[PDB]
């Protein structure tokens, strides 16, 4: 009937229509001739319309659309742009935008929590030293001794001519990756380049599998400066298994706080190049991707040998059995250490509740099926059977090229 994407849940048989995608201003990578949905990485007049659109979004969310404060906030932005080329956000606009960007993130399964985000304004920040203080404060608050709290810290926006604020690391917490003489990697292969960059900038490297990297923080038009995190601010969890007693002897560990620091937060055409955000982990991120990806820690064969599985034939499902127990260890160990974590079942169920909330609230929810479905036990989770529409809305978290 309706001329919007028809969306079906194959487990439940139910149908919905996504009208929200009509509000998308930005084109994605697809066309009628081919689908590029599986790809990980595929001005004056322009600023105003983005600005006008965002202010419109803001006033709708507080229900004052068409009003005198609404049209005066418009006039105030259009004037400020007309005389300087840019404009500034009010505090409550920034809070709304940060939440809306998270709410808008198609690849995040944790969005049931979007409304509950602690926004630290750091738009006053004027040094790389100051950035470090804001970051330490964020970690302290967000970690909260294992009882994790979502947070974002927003540093000053891009300015015409003047250079960006950048955190060079991809996360606030990352393990070093050390390239060997043989060509292998000790630690995390994901973090090789950033480890090398930290050395180039004078860090004295360690040589463990789990060395917490220092931060490389860059203030406008300055070279980055190197900052070591005080070990006590960085909460970690040693991995053991609830029944396989040798698993603890493996020496495996992970950090409590997932904090993405290299993404750009865009609100009303304003670009916040340093806006680190954090939540808590879904257990498969650590147990499946970080610990079992071939190009990460790659511990599957090690664990399967300890489990005494037949690693000579695929048809033994030794990979499947090891991944299950590793994920179990991650969950059991975070639960033992009283550190917030969510398994892929709980997470996906809660995301299904989120889709229903948003269907009523906005008439749809942009969602990236390949990223939403967990990397183990996919069809065992309800999201596998849920069709999804993906599109870009703004405010948004966006990828940005590396500063170097």
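Think of the rigid core as the biggest set of C-alphas that the two forms share within 1.5 Å after superposition. Numbering follows the first chain given and starts at 1.
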Check your understanding: Quick one: with the core lined up, is it 110 to 118 or 67 to 75 that wanders further in 9 other deposited structures of this protein, going by C-alpha RMS?
Key -> 67 to 75
Review point. Between 259 to 267 and 159 to 167, where do the CA atoms move more in 9 other deposited structures of this protein, taking the root mean square over the structures and residues after a core fit?
Key: 159 to 167
Review point. Unmodelled deposited residues between residue 29 and residue 30: none, 1 to 3, 4 to 9, or 10 or more?
Key: none
Practice item. Give the stretch, out of 61 to 69 and 339 to 347, with the larger mean C-alpha temperature factor in the deposited entry. Key: 61 to 69
Check your understanding: Is the mean CA B factor in the deposited entry higher across 158 to 166 or across 264 to 272?
Key -> 158 to 166
Revision key, fill the gap. Per the deposited entry, the peak Cα B-factor within the set 56, 49, 379, 359 goes to 49
Check your understanding: According to the deposited entry, which of 333, 75, 104, 284 has the largest Cα B-factor?
Key -> 75
Exercise for review: Place residue 293 in the lowest, middle or highest third of its chain's C-alpha B-factors, as listed in the PDB entry.
Suggested key: lowest
Point to revise | For residue 320, the third of its chain into which the C-alpha B factor falls | key: lowest
Exercise for review: Just say lowest, middle or highest third for the CA B-factor of residue 390 relative to the other modelled residues in its chain.
Suggested key: lowest
Practice item. Could you say whether, by C-alpha temperature factor, residue 8 belongs to the lowest, middle or highest third of its chain? Key: lowest
Check your understanding: According to the PDB entry, is the CA B factor of residue 307 in the bottom, middle or top third of its chain, that is, lowest, middle or highest?
Key -> middle
